[PDB]
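# Commentary on secondary and tertiary structure
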Amino acid sequence: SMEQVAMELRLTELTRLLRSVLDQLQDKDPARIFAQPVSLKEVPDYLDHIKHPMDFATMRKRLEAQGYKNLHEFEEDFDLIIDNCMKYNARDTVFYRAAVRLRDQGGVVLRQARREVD
Ligand SMILES: CNC(=O)c1cc2cccnc2s1
């Protein structure tokens, strides 16, 4: 149907917009602290602490699979990255401070993405 095609076109362009947003957000993490899943080899008990792990690479995989239906779902995943980090790591760590900076600096980027979506 033309309708299903039209939807897939919207979804494809949403994916295109979110891809840009993802690249911008990841630029706010120059140290690549949030680039990959927390290694269960380097941190074997992590899953006892964090029930829903998230990272930029995992977000990217979902993105290219067009697994984000709207911005809210995308923001959910970004928020997990930040919130997980700030629970697992203590306040006076390079990890926690990185999350804070990503949170603050990403707020700008998501504020406009929200408008560009409507
Ligand atoms: C988002 N990444 C984290 O919260 C990490 C925490 C720790 C702790 C020790 C060694 N490596 C890592 S990575």
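Residues numbered from 1 in each chain as written, not as in the entry; some residues may be left out. Heavy atoms only, no water. Residues with missing side-chain atoms left out of burial classes, pairs and counts.

Regarding how it was determined, this PDB entry cites X-ray crystallography in its header, along with a resolution of 1.7700 Å.

If you look the protein chain up in the PDB entry, it shows as Bromodomain-containing protein 1 from Homo sapiens.

### Observations concerning the overall build of the protein chain
In plain terms, the rule: Helix and strand definitions here come from DSSP, where helices need a minimum of 4 consecutive H or I residues and strands a minimum of 2 consecutive E residues; each element is numbered from the N-terminal end. Throughout, a residue-residue contact means that at least one pair of heavy atoms, one from each residue, lies within 4.5 Å.
Per the secondary structure count, the protein chain includes five helices and zero strands. Counting helices and strands in the order they occur from the N terminus, the protein chain gives α-α-α-α-α. With respect to the principal axes defined by its C-alpha atoms, the protein chain has extents near 55 × 30 × 20 Å. A separation threshold of at least 6 residues defines the contact pool for the protein chain, and within that pool the share at least 24 residues apart is 63%.

### Section: the site of the ligand
Filter applied, for reference: Any residue with a heavy atom positioned within 4 Å of a molecule or strand is treated as near that molecule or strand. Definition of a polar contact: a pair of N or O atoms within 3.5 Å, with one able to donate and the other able to accept a hydrogen when the atoms are protein atoms, and with sequence-neighbouring residues admitted only if both atoms are side-chain atoms. All accessibility values rest on the Shrake-Rupley procedure with a 1.4 Å probe; residue burial counts only the protein chains present in the view. Basically, the charged four are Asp, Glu, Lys and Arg, the nonpolar ten are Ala, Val, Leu, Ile, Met, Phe, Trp, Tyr, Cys and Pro, and anything else, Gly included, counts as polar.
Contacts to the ligand come from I33, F34, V38, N89 and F95. The separation between an oxygen atom of the ligand and a polar side-chain atom of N89 is 2.9 Å. Protein coverage of the free-state accessible area of the ligand, which is 350 Å², stands at 71%. For the shell around the ligand, a count of residues per class yields four nonpolar, one polar and no charged.

### Things to note about the pattern of salt bridges
Where charged atoms from two side chains of opposite charge come close, those side chains can pair. Note the following rule: Any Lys or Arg side-chain nitrogen located within 4 Å of an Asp or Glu carboxyl oxygen qualifies as a salt bridge. Throughout this description, buried means an accessible area under 20% of the type-specific maximum (1.4 Å probe, protein chains only), exposed means over 50%, and partly exposed covers the range between.
Applying the stated criterion to the full structure yields six salt bridges. Of the charged contacts in the structure, one is a salt bridge between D77 and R62, with a shortest N-O distance of 3.3 Å. With a gap of 15 residues between them, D77 in helix α4 (residues 71-88) and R62 in helix α3 (residues 56-64) connect regions that are remote in the sequence. The class of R62 is partly exposed, set by a relative accessible area of 31%. When salt bridges with common partners are traced through the structure, they connect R62, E73 and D77 into a single cluster.

### Some details on the nonpolar core
Formally: Think of a nonpolar core as a cluster: buried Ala, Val, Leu, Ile, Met, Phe, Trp, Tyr and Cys residues, connected wherever their side-chain atoms sit within 4.5 Å.
By size, the foremost hydrophobic cluster in this structure holds 25 residues, and its most contacted members are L25, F34, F56, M59, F74 and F78. Of all the secondary structure elements, the ones that give two or more residues to this core are α1 (2-26), α3, α4 and α5 (94-117).

### Some words on the environment of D118
Here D118 is to be found in the segment after α5. With 54 residues separating them along the chain, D118 and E64 place their C-alpha atoms 22 Å apart. Within the local environment of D118, its side chain forms a polar contact with the side chain of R114, the two groups lying 3.4 Å apart.

### What to know about α3
The backbone nitrogen of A57 has a side-chain oxygen 2.8 Å away, supplied by the residue at the start of α3, namely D55. Looking at the residues trailing α3, positive phi occurs at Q66, about 55 degrees.

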